[PDB]
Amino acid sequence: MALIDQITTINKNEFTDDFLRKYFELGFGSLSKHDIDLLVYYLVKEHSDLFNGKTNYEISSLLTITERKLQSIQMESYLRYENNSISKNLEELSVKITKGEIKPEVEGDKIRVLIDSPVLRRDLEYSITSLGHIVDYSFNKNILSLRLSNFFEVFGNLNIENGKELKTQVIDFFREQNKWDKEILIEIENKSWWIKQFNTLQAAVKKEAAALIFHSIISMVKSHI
């Protein structure tokens, strides 16, 4: 079975102990098939490394189910059997960016972020839309697209975790890169600035700018509940 030996490590004692406690909570035969499928997904995720570092495409292939079914299973099981703060999920998103597992990229006046985890996607969307203002964004499958000019105009004044204003931290990045790149004016609330001036920069400056921008946006959202 390509499945059970793809498991390279698993705490079999607590897989068994946990399964028995939850299968038998209301008595033998009390859980529905769907309840048990959520339990099994949780048990493999909590007590093995099977899903570790794998994309949704890989996990769905491993489980022999569609990506759409996997997303429902992942969310329903997380809600049933796990508890995380929005703060911890936002921080996990941030760390994935620092590690390069998620690579934000700017195109025109939009920053785009592939977020494969439905749990992280849910908490980001909820938290970023709970700041008192409608947010200019959309999702293309699992890719968040966020309008830059409008975001900084509307939310640029809110503090990030290190106390500085969001717009301040992003502007300060562009100044430093002006030290080794050809100098540009900095107008982050300007749609045409992103479209023409930002587009001029070297692909590696733009890559790094997008990671810092999204790090700072997450940091701003974490600072505000």
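In case it trips you up, residue 1 is the first one in the sequence shown, and so on.
Entry-level comparison of average CA B-factors, 83-91 and 143-151, reporting the higher stretch: Taking the mean C-alpha B-factor of 83-91 and of 143-151, the larger value falls to 83-91.
Higher-scoring stretch by recorded Cα B factor average, 111-119 or 130-138: Averaging CA B-factors over each stretch, the winner is 130-138.
Criterion, highest CA B-factor; candidates, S48, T200, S61, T55: Each of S48, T200, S61, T55 was compared by C-alpha B-factor; the highest is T200.
Residue, from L43, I171, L31, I65, that the PDB entry assigns the highest Cα B-factor: It is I171.
Third of chain Cα B-factors occupied by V205: Highest third.
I186 CA temperature factor, ranked by third within the chain: CA B-factor rank for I186: highest third.
Chain-wide C-alpha B factor ranking for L38, given as lowest, middle or highest third: For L38, whose C-alpha B-factor we compare with every modelled residue in the chain, the answer is the lowest third.
Chain-wide C-alpha B factor ranking for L70, given as lowest, middle or highest third: According to the entry, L70 has a C-alpha B-factor in the chain's lowest third.
Chain-wide C-alpha B factor ranking for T9, given as lowest, middle or highest third: Tercile = highest for this residue's CA B-factor.
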